Amino acid sequence: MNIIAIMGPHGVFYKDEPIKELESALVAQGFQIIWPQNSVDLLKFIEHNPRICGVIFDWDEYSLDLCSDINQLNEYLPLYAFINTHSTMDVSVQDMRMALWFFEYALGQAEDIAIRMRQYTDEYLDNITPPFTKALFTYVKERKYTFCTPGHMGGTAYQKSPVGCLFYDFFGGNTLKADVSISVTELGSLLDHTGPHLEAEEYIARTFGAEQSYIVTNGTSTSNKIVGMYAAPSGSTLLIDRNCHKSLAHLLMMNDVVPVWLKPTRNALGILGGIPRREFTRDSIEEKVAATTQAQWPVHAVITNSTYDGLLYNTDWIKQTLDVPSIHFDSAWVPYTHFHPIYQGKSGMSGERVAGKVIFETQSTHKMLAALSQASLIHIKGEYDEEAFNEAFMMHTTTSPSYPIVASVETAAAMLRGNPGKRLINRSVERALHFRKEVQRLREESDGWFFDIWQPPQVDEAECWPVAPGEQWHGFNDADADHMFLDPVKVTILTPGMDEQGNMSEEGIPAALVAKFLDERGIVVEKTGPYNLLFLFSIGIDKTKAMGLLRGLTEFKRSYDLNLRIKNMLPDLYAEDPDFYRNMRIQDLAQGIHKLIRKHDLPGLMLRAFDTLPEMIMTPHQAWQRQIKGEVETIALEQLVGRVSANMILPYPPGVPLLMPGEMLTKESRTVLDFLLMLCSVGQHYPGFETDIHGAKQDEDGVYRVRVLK
Amino acid sequence: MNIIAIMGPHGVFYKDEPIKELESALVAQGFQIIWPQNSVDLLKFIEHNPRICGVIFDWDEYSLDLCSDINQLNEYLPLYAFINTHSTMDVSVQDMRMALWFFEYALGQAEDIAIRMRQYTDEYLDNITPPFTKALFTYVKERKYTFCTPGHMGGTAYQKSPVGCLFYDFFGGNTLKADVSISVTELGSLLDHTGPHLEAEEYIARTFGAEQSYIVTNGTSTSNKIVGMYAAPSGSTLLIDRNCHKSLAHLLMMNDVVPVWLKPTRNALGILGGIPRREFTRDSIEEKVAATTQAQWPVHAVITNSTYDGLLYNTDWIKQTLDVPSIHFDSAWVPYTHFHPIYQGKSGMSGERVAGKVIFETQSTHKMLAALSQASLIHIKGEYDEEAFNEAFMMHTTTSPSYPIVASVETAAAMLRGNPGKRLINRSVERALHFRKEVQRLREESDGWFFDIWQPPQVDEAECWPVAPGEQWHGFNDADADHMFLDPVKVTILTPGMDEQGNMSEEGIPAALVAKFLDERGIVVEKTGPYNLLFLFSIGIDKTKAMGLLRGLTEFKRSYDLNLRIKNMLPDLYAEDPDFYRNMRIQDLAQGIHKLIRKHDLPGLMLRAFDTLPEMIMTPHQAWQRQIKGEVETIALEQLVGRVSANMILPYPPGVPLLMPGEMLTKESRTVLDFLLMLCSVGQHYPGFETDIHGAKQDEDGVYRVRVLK
Amino acid sequence: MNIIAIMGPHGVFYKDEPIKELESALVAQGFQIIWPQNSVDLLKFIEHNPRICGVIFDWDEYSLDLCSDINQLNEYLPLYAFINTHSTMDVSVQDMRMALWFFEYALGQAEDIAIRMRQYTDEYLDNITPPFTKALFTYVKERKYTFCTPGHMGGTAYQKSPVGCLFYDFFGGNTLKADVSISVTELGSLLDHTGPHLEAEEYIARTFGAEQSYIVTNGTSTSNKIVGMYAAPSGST
């Protein structure tokens with residue numbers, strides 16, 4: 001933050017000489033001086049360069065032309081207005097939010113003006129910077145306690161080592177110095193939620209419209225367990241989305257609770273649909289209580305809002321309808337809902353309290369917004385026993401917290417604050433839609449096959465496009481209306497291979513092939529299925545990355561139609577097994593893999609595998625008690641029927657739990673095993689296209705084993 | 001790493017010109033050239049500057065004088081030897097470990113020599129750098145995957161914000177870029193312990209003499225819970241040191257186990273002594289089993305080795321004697337025992353396996369060595385069910401691990417490796433002893449009162465000085481010999497106030513006064529009691545810091561004897577309450593606080609408070625079940641007798657648990673309450689000298705409340 | 001291959017300053033910067049100078065006027081397009097064979113952009129350079145086997161002689177270093193037609209529409225005799 005813009009040659013020494021003296025006084029204070037051509041050039045310079053921290057201009061020449069325009073971009077931006085004798089104040093000044101200092105063109109005034117600019121820059125920074133970070137930065141820069149640990153003291157210990165010196169130089173001083181302890185008493189304590197730490201938590205809770213917010217330094221994986229353990233006593237019944245993150249599976253292994261699963265829907269693609277409205281009604285739950293051994297009325301419920309694929313719930317409907325005292329929205333996917341009105345009545349925090357209920361959102365701040373890994377928030381809307389909740393929090397938090405992680409969580413909030421924050425999301429929304437329109441346009445214009453997007457036939461509107469029963473694009477049968485909506489930011493592309501029905505085509509290009517092509521160009525794919533790929537249009541995503549991906553996709557088709565040798569098109573793939581890939585051409589590779597899917601009837605097997613549930617012999621907790629005594633053994637996957645599984649089995653595809661600890665596959669549910677076996681069989685043919693099943697142990701000879709109770 | 005040392009003017013153009021050409025070729029590659037005066041100056045330059053990465057010298061002039069001396073400091077240091085026509089190879093070369101390249105003095109050879117120096121520097125770096133860090137650094141520097149998250153991508157998202165740009169600039173690029181995900185597939189996975197991660201874990205386990213090592217990214221606070229939960233099934237009995245860290249108290253709240261406490265000793269000062277030998281004998285344990293409701297034979301035992309005050313156990317004695325299948329040494333204080341032979345048979349990992357037992361050390365790598373906060377190790381010696389142990393590990397680890405924390409844990413090992421690692425600890429030991437001798441010397445030489453160190457009357461030896469029954473310095477009665485030893489690095493200083501017996505003097509200077517004086521000079525105190533202060537002589541501690549503390553101590557006495565106004569000597573204290581401290585002088589402050597201790601008979605009350613245990617009505621787990629249903633209320637501290645406490649109460653002093661969750665103070669154990677009340681009473685008089693009781697809630701009016709069962 | 005052409009003064013600091021910072025970052029990497037007058041001057045500069053390995057230009061100002069014209073001369077030529085906020089992608093991009101990187105005008109982006117230009121220049125070179133020559137050049141530049149012959153090793157033996165030093169200097173290092181043996185095992189063998197040598201022969205045979213091609217190192221004078229002797233038994237007509 002050291003670029004000052006001056007706007008203009010005037011052609012008079014009485015004005016120019018004082019500016020020359022000011023240039024010299026500013027260089028003495030180590031400012032860089034920049035000269036925008038005109039008003040437009042300045043506005044773009046401000047818009048693109050946050051380091052622009054001051055503007056000098058003749059008052060009469062620019063004030064009536066600049067003040068409103070600059071206010072719109074940066075309310076706080078230093079203006080240094082030089083007045084004429086006859087300058088006056090128009091009524092336009094009275095109600096505008098401007099930050100103006102008035103200066104005269106005079107020799108020997110530069111020393112005082114330069115000090116005022118420095119002092120005013122600090123006042124601007126002090127206003128916009130958050131309180132804890134401002135204190136932290138001041139300590140790191142200024143402070144010198146001695147007779148103190150840490151013993152390394154700003155990473156001093158690292159510099160005494162040959163490799164240590166390389167390590168120190170790589171990470172830098174700030175990273176080393178930021179590693180502090182509670183010996184810095186003026187910053188208070190995280191664990192106590194005292195001093196500046198309390199100020200930080202209130203800052204966060206205000207920005208996100210929460211009653212109270214906790215900063216977690218071990219990710220939402222831990223945030224879920226803090227909420228979960230405080231909320232679910234042993235021997236209680238919980239309602240849990242079968243579509244749950246692994247951390248909730250681990251929660252079950254750690255807590256003595258009885259799960260009753262909310263049951264999602266699914267289509268032919270193998271994409272998960274929302275928990276239908278009937279799942280929340282008293283009639284459905286009352287019967288589930290009767291059907292669960294020892295079950296009582298649920299004390300706590302966990303709902304994933306939105307779904308991974310961007311299906312949002314009417315949260316007003318759930319809060320009003322669901323007859324459970326404790327409702328937890330795992331909102332790790334939707335931390336940005338408070339920033340666009342399109343999400344009204346579609347987020348956990350939206351609206352007011354629910355009398356006699358406590359409502360939670362847990363959010364993974366990292367890679368959902370911008371924050372360091374392990375940074376997570378718990379947002380509470382309702383009442384908790386403060387002392388008891390803090391005991392639960394301290395039970396899972398170390399006594400040696402990382403102060404940078406804490407600061408990064410607070411600074412993540414600083415990013416989303418103010419008008420620049422709102423203007424960021426408005427920009428990302430417009431770019432997300434723009435890209436969707438370009439895909440649909442290129443699909444219409446191109447000759448023969450092209451990529452398509454899984455969405456309404458027309459998205460000429462800016463909204464979370466509702467799933468309508470009168471539309472076939474989504475491929476769900478008799479969808480509930482006014483229920484599930486498509487988040488614009490969660491973009492799913494589809495590759496040729498399956499019909500509109502969910503029927504199989506003769507010609508197909510498995511998405512796995514495109515994924516390998518994309519890696520040659522250093523493009524990450526978040527999630528892939530048989531014929532789909534997921535991309536996340538974050539705030540970091542600019543027009544360059546969108547065009548790079550868009551052009552990269554047209555280049556894939558270009559090279560594909562050439563029918564290049566895999567050796568030439570995918571050299572990194574070829575290198576994996578030169579003999580296997582010696583004479584294979586790109587079109588044969590696509591046809592060969594599609595043929596395996598066709599022969600194995602993968603889509604049909606995947607549908608039938610998830611249609612009937614494994615039987616819950618005992619709870620995951622009860623089964624883990626046997627495992628604690630080391631009463632497990634490994635069996636081949638083929639010999640798992642009639643055995644009690646000890647681990648969760650999580651196959652990719654379709655990346656959702658298939659078997660839980662305590663469940664047993666029987667003759668009734670043999671299709672489950674047939675799907676898993678098919679994944680291991682199909683996956684053995686092509687180097688680089690290996691099976692991927694979390695919970696199964698692949699042996700050197702390519703046989704799989706699972707753990708079961710003796 | 002860019003400083004090259006050249007050693008010499010020769011007075012011949014045939015040698016000098018080629019060196020001039022080499023200087024120019026090296027500057028072109030951005031090396032800095034340094035010229036040590038002679039052999040001694042070079043050795044000091046190497047010793048003090050790890051960035052010295054090459055030495056040029058005439059072979060005949062120096063080889064017989066340098067080779068052994070340099071080998072001793074740096075086995076790997078580049079030598080660029082310039083040969084004469086008649087140079088020969090003495091037998092001294094044959095068995096020495098040297099890294100030599102031979103060059104001729106010739107024009108137009110510099111391009112190839114310079115490339116060889118670059119290539120050889122990389123080969124030197126490649127040899128000494130650990131495998132994962134070398135790959136990580138190469139990725140961070142070189143790599144460019146696109147169509148990837150994280151969305152911020154090297155902190156790009158931060159730069160779009162005004163405050164975000166300040167935040168980015170403060171932390172720097174490397175800190176931002178190092179925030180990665182598993183999308184970087186070539187680095188494998190932490191959670192899977194695969195690829196370079198397995199290589200890193202084997203590197204660590206080898207350096208620390210463990211069977212297997214796990215890297216934990218939530219500190220030893222979490223490492224204790226991973227080991228604890230895998231090790232102690234519900235309804236089992238554990239032996240636990242009453243002198244346990246808070247994380248073990250939290251473990252009890254989280255695990256349904258029945259504690260039987262090992263019972264430490266204590267002296268008049270209130271310093272904890274070791275668990276006597278009788279505590280480990282079958283006779284003592286057999287009776288404890290009979291005395292504990294529902295207890296069976298202990299399945300797992302936890303011992304704190306060493307004690308905080310540096311008492312080490314004969315671990316060979318414990319491993320051989322203790323009839324428990326699972327023994328866990330919380331060795332958070334002694335991670336360095338593998339590096340000095342003085343610790344033989346005094347560490348958990350020392351020696352071999354114990355048939356039919358599993359032995360663990362958990363170590364807080366940070367501030368016990370040098371590593372980032374939250375970095376912790378679990379070391380295992382024996383057999384675990386690998387798949388089951390990893391489930392327990394994954395249950396408490398996030399799905400979004402911090403890659404820098406992981407790298408810092410590995411790099412912490414890199415610091416301790418090789419000959420420089422051994423030469424570091426040898427240096428810290430010699431400095432620790434040197435300081436102890438200077439304190440004892442100044443005590444002998446000075447007129448009247450001076451500081452003393454709590455240790456043997458003579459430490460003219462380098463050893464963990466054994467506590468002998470024929471010595472009175474330690475103030476423990478009938479100490480077991482060949483049992484407890486004083487770690488040289490753990491230095492406790494004492495201030496005047498109490499006799500050798502543990503009797504009270506008329507004159508005294510409470511240590512709290514000295515602690516405030518030390519803060520005026522930016523010296524941290526790790527731990528303080530009524531008349532003691534603890535300092536940790538880490539590897540970061542140099543001779544400058546030792547002298548600063550030593551001089552700071554003599555300055556305190558100098559100013560103290562002047563009897564300066566507190567307003568002048570302790571201006572920051574005076575500012576806290578100008579009216580209270582207006583006319584008070586330093587000697588009156590010391591006398592006034594000592595008088596409160598004398599009147600309140602603090603030492604006597606503190607001894608009696610810990611003599612009789614609160615009664616365990618129910619386990620901390622059973623009591624927490626009632627708290628989960630919100631069946632707690634707050635009572636004044638004064639009204640706690642006959643109530644079931646809900647929280648642990650941890651008073652400072654003496655910083656050890658006084659009451660546990662589930663325990664009840666009765667008329668039998670009223671002294672416990674009297675001590676706590678005395679702490680609140682004595683603590684109310686002096687601003688800056690407030691009561692400090694974790695577990696008690698101080699109200700605005702200075703009344704305290706605790707939580708109890710209804 | 002080190003001449004970069006930049007096309008234009010814009011009259012705005014927000015665009016010009018970032019280009020100044022880029023000029024400095026590029027000079028640090030030892031690039032020469034050249035400034036063609038206009039589109040025609042650029043096209044002639046490209047046409048006449050194969051060492052032109054990159055072009056910087058404002059996207060909106062030139063893309064619709066340049067992309068087809070440049071594609072016609074050099075499919076592979078680096079373009080460094082600087083975008084405006086409102087820049088869009090016309091259908092003309094979809095089927096054209098372009099090699100585009102999109103950059104923003106921003107301070108402190110030059111280090112990464114300059115590295116991308118270096119990395120992209122290598123990717124361009126790697127695409128157009130033949131496989132064996134690319135490996136050979138990399139060996140000659142990078143490699144250092146010891147306990148090896150030839151004994152002269154990069155013509156070292158020549159430099160020990162008065163006339164030898166004149167001979168070495170006349171022919172140069174590359175000519176001397178290129179004199180290798182089969183000790184460089186990663187290049188395979190000519191006689192065996194193995195490894196990169198087989199790759200080279202297939203490259204040739206493809207370009208000349210042959211079933212199989214052999215590389216002869218004693219001219220067609222010998223090529224005629226190889227074919228002739230294999231083809232004509234004694235006592236035949």
# chains A, B, ... in the order shown; residues from 1 in each chain; ligands from 1

call {"tool": "residues_around", "arguments": {"residues": "residue 544 in chain B", "least_positions_apart": "5", "cutoff": "12 Å", "atoms": "only C-alpha atoms", "output": "PyMOL selection string"}}
result
(chain A and resi 146-147) or (chain B and resi 431+435+549-552)

call {"tool": "interface_residues", "arguments": {"of": "chain C", "to": "chain A", "cutoff": "12 Å", "atoms": "only C-alpha atoms", "output": "ChimeraX atom specification"}}
result
/C:10-18,59,80-109,120,123,127,131,199

call {"tool": "closest_atom_pairs", "arguments": {"of": "chain A", "to": "chain B", "cutoff": "6 Å", "atoms": "only C-alpha atoms", "output": "Markdown table"}}
result
| residue | atom | partner | partner_atom | distance |
| --- | --- | --- | --- | --- |
| A:50 | CA | B:162 | CA | 5.1 |
| A:145 | CA | B:522 | CA | 3.4 |
| A:146 | CA | B:523 | CA | 3.5 |
| A:147 | CA | B:523 | CA | 3.1 |
| A:148 | CA | B:524 | CA | 3.5 |
| A:150 | CA | B:367 | CA | 5.6 |
| A:151 | CA | B:540 | CA | 5.1 |
| A:152 | CA | B:540 | CA | 4.7 |
| A:157 | CA | B:540 | CA | 4.9 |
| A:161 | CA | B:415 | CA | 5.8 |
| A:162 | CA | B:50 | CA | 5.1 |
| A:164 | CA | B:415 | CA | 5.8 |
| A:171 | CA | B:174 | CA | 5.7 |
| A:174 | CA | B:171 | CA | 5.7 |
| A:219 | CA | B:398 | CA | 5.9 |
| A:221 | CA | B:398 | CA | 4.9 |
| A:250 | CA | B:395 | CA | 5.1 |
| A:367 | CA | B:150 | CA | 5.6 |
| A:373 | CA | B:402 | CA | 5.4 |
| A:374 | CA | B:400 | CA | 5.8 |
| A:395 | CA | B:250 | CA | 5.1 |
| A:398 | CA | B:221 | CA | 4.9 |
| A:400 | CA | B:374 | CA | 5.8 |
| A:402 | CA | B:373 | CA | 5.4 |
| A:415 | CA | B:164 | CA | 5.8 |
| A:522 | CA | B:145 | CA | 3.4 |
| A:523 | CA | B:147 | CA | 3.1 |
| A:524 | CA | B:148 | CA | 3.5 |
| A:538 | CA | B:151 | CA | 5.3 |
| A:540 | CA | B:152 | CA | 4.7 |

call {"tool": "select_by_dssp", "arguments": {"residues": "range 440-652 of chain B", "states": "alpha helix (DSSP H)", "output": "ChimeraX atom specification"}}
result
/B:440-445,511-519,543-562,566-569,571-576,586-600,602-609,620-628

call {"tool": "atom_distance", "arguments": {"atom1": "CA of residue 16 in chain B", "atom2": "CA of residue 82 in chain B"}}
result
11.5 Å

call {"tool": "atom_distance", "arguments": {"atom1": "CA of residue 669 in chain A", "atom2": "CA of residue 709 in chain A"}}
result
18.8 Å

call {"tool": "residues_around", "arguments": {"residues": "residue 111 in chain A", "least_positions_apart": "6", "cutoff": "9 Å", "atoms": "only C-alpha atoms", "output": "ChimeraX atom specification"}}
result
/A:22,25-26

call {"tool": "closest_residue", "arguments": {"among": "C:76, C:19, C:206, C:214", "to": "residue 129 in chain C", "atoms": "only C-alpha atoms"}}
result
C:76

call {"tool": "select_by_dssp", "arguments": {"residues": "range 449-609 of chain B", "states": "strand (DSSP E or B)", "output": "PyMOL selection string"}}
result
chain B and resi 452-453+465-466+485-486+490-494+498+504+527-528+532-536+565+585

call {"tool": "residues_around", "arguments": {"residues": "residue 315 in chain B", "least_positions_apart": "5", "cutoff": "7 Å", "atoms": "only C-alpha atoms", "output": "MDAnalysis selection string"}}
result
chainID B and resid 345:348
